[PDB]
Each structure stands twice: as C-alpha cells, then as structure tokens.
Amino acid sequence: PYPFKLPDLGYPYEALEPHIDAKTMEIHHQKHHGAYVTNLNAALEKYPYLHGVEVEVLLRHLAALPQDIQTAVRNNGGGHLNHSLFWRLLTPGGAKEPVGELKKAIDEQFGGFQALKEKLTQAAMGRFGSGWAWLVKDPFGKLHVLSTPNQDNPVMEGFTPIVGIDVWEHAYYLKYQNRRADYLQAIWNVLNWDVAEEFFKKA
C-alpha cells in the first residue's frame, strides 16, 4: 500500500545481453519505473483514506477515485504494476518454454507454444503507439491474448496478467530503433516461464 516502493531488479542490468542492452535496463528501471512510483505516491499523498489499498484494488475501482487523481493513478499505478511484473518475468535462469499447469492450459486452448507465440507477436506488433501485449487469465479459466494502450493494465477489466510484453519505444529504441519485430524475436530468449507458471497458479 502507500507509499509504494520501486522494487529491485534482482539481477545485474547487464544480465540480458545481448538480447536487451544494459543501458536500456538501467534507464527503464531507474528513470521510467522510478518516475511512475514517485508520481503514484505524489497523487495518493493527499488522500489518507486510500493509503491502505493495494495498487490492483485502486486500478479496479478507478471510477471511484477523486477526479483529480484518476488519470495519475491509472497512468502511474498502471506503470508501476506493469513494470513490476515485467522485471520478474525477465529474471534469468528459468525455463525457456512454458512448463507445468500453464503449459497444459496453453497446449489445450491455443494448440502449443508456437501458436501462442504467433498470437502474442501479432498482438505486440499490432499495438500502434505505446502499450503492452499480454497473456491473461479470466475468472472462468480462459486464457486471452490482448494488448492495452499506454500503461493500462488488464486488471482494470477484471483479468489477471500472466505474461506482459512492454512495447513502448523506450523498451527497445536504443538497441533496435524502429525494429520492434527484432525486439520481439529477442524477448523469447529471455522470458522466464517458471515465473509465468507462478503467476498462472496464483491466478
């Protein structure tokens, strides 16, 4: 709850080379995610009555929040939640293909990992402007591939995110420039499916 904290990456900024550059990892965590946490805190400071609430609860009830902080919480709260999930998913050393219960769900609803990789790529490439591509779970057991604009998080619509891929240009511009496709091809080498499995099971 408030005051929110910037989580440590938990690994060196250079750990994902040559897939994502150390310079991006550092700026992406310290400057972009850092700003989101600071701004989120700045917006909630004025309202003591909301200090005991988890960010996910704030995002599901955005319409209830005072009108002067709705946008600030959506943007920075979403920014904080998305990136926190992202750092965890990039943790080095985990399985490079789906495993466990998430694997079963994937093979059963999409056909196999190759089919899911095509849908998520199609979703990430298709998101015009800034946004995230996601594999989400709904309360009825169904998996969905979708994209959201800017820092919007699927929890706002009642989904539970399992995998999220950051497609804002700041995520890949320094190393890939306009080549978002090459950035997505590299992301598959670094996603930690054991972490995705933890997210799916708690889901």
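Note that residue numbering begins at 1 and tracks the sequence as displayed.
Which has the higher mean CA temperature factor in the PDB entry, 38-46 or 159-167? Looking at the recorded C-alpha B-factors, 38-46 comes out higher on average.
Pick between 168-176 and 51-59: the one whose mean CA B-factor in the entry is higher. Stretch with the higher mean C-alpha B-factor: 51-59.
Among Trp87, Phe128, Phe110, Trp132 - the residue whose C-alpha B-factor is largest in the record: The listed residue with the largest C-alpha B-factor is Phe110.
Once the chain's modelled residues are ordered by C-alpha B factor and cut into thirds, is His28 in the lowest, middle or highest one? It belongs to the lowest third of the chain when residues are ordered by C-alpha B-factor.
By the record's CA B-factor, is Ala203 among the lowest, middle or highest third of residues in the chain? CA B-factor rank for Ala203: highest third.
Can you tell me whether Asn75 has a C-alpha B-factor in the lowest, middle or highest third compared with the other modelled residues of the same chain? Ranked within chain, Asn75 CA B lands in the lowest tercile.
Third assignment of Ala95 from its chain's C-alpha B-factors: Ranked within chain, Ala95 CA B lands in the middle tercile.
Against its chain's modelled residues, does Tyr13's Cα B factor rank lowest, middle or highest third? For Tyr13, whose C-alpha B-factor we compare with every modelled residue in the chain, the answer is the highest third.
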